[PDB]
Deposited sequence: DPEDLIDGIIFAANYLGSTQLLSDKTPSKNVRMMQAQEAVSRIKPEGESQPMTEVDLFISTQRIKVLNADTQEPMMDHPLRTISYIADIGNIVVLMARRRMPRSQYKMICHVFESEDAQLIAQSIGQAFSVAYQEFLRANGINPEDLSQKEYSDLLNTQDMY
C-alpha cells in the first residue's frame, strides 16, 4: 500500500478570532464565529506551511519553519472551505470552567483539499469509537449530529 500519514500545504494565514465563554460554545455560536471571521477578510498575511496528520494540525511559519499553532486533532470543532478560504476552529486549553474557541483563517489555492484532508483525518478518529456503537448503523442525520455536539 501507499498510506499517507501526514501532508503539508502552503497557505497564507490571514489571522484569527478568539471567543471566550463560560460554557462550551453551541453549534449556532460556532457558526456565527466562523461567518464573522470570514466577513472580516478585506489584507495582511503571513506565509505558512499547514501540516496535517491523524494526531494534530500544526501551522509553521514558512520562512522560519517554527510552529505558530499546534492543535491536537481531538480539539478541532469545525473545518470549512469557501472559494480560496479555509476556516479552522479549535478549542484552546483553558482552566476548568473557562472556554476559549479560536477561529483561524487561511487563503490557499488548495483550500478545498486542505479542508477535505482535515475532515477525513478527523472523522477517521471519531469513527474509532466502534469500541465505545457501530457508526455504519447511524443515519446521516444521526452521525452529523454526533459530530456537532460530541
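* Where are the gaps relative to the deposited sequence? -> Seq positions lacking coordinates: 1 to 2, 45 to 49, 140 to 141, 160 to 162.
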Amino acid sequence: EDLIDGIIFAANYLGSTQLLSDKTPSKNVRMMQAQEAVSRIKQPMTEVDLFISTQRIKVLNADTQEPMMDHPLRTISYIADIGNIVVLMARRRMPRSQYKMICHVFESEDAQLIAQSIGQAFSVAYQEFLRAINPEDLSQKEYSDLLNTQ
From here on, numbers count along this sequence of modelled residues.
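* Of 49 to 57 and 121 to 129, which one has the bigger average CA B-factor? -> Of 49 to 57 and 121 to 129, the stretch with the higher C-alpha B-factor average is 121 to 129.
* On mean C-alpha B-factor from the PDB entry, just flag whether 31 to 39 or 87 to 95 is the higher one. => Between 87 to 95 and 31 to 39, it is 87 to 95 that shows the higher mean C-alpha B-factor.
* **Position of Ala10 among the chain's modelled residues by C-alpha B-factor, lowest, middle or highest third** => Middle third - that is where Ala10 ends up once the chain's C-alpha B-factors are sorted.
* Asked: Considering only modelled residues of the same chain, in which third does the CA B-factor of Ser16 rank: lowest, middle or highest?
  -> Middle third of the chain for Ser16's C-alpha B-factor.
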